[PDB]
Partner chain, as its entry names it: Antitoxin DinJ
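Just the one chain here, laid out as structure tokens, in the form solved without its partner chain.
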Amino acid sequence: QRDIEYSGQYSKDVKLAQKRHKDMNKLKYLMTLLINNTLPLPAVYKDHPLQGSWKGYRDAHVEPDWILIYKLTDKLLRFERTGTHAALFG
């Protein structure tokens, strides 16, 4: 069975998105698709593996400048970060 995980930073990121008036239902919907293993994700998410410092993780677009970084293996799904390109990659 796949474990569902949230990094410490992820909870902070979610709180910041809430504070900044982001549409939280969009993030919830995407998260639920991942938790349910409903794959592949719809094309609108532009889902892809990351390289560089985020090697081993994936990038999905909640919105054009609202990114979800997560890890998906046979053993785990981990929600790692969420926010802007500048915050997550800069």
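Numbering follows the first chain given and starts at 1. Just so we're on the same page, rigid core means the largest C-alpha set that superposes within 1.5 Å between forms.
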| query | Do the CA atoms of 5 to 13 or those of 78 to 86 have the higher mean B-factor in the entry? | reply | 5 to 13
| message | Test of reading the entry: by CA B factor among the chain's modelled residues, which third contains residue 41? | response | middle
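One more form of this protein should be noted, the form solved in complex with its partner chain, which is absent from this view; the next part is about it.
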| 4.5 Å heavy atom contact, residue 42 and its partner chain in the bound PDB entry | no
| task | Using the partner position in the bound PDB entry, report whether residue 37 sits within 4.5 Å of its partner chain, counting heavy atoms only. | result | no
| Taking heavy atoms and a 4.5 Å cut-off, does residue 62 contact its partner chain in the bound PDB entry? | no
| query | Should residue 75 be classed as touching its partner chain in the bound PDB entry when contacts are defined as heavy atoms within 4.5 Å? | reply | no
| task | Answer yes if the Cα of residue 54 shifts by 2 angstroms or more between this form and the one not shown on a rigid-core superposition, and no otherwise. | result | yes
| request: Mind checking the CA-CA distance of residue 10 and residue 53 in the bound PDB entry? It differs by 3 Å or more from this form, so is it closer or farther? | output: farther
| query | Against the shown form, C-alpha atoms of residue 74 and residue 53 in the bound PDB entry: closer or farther, for a change of 3 Å or more? | reply | closer
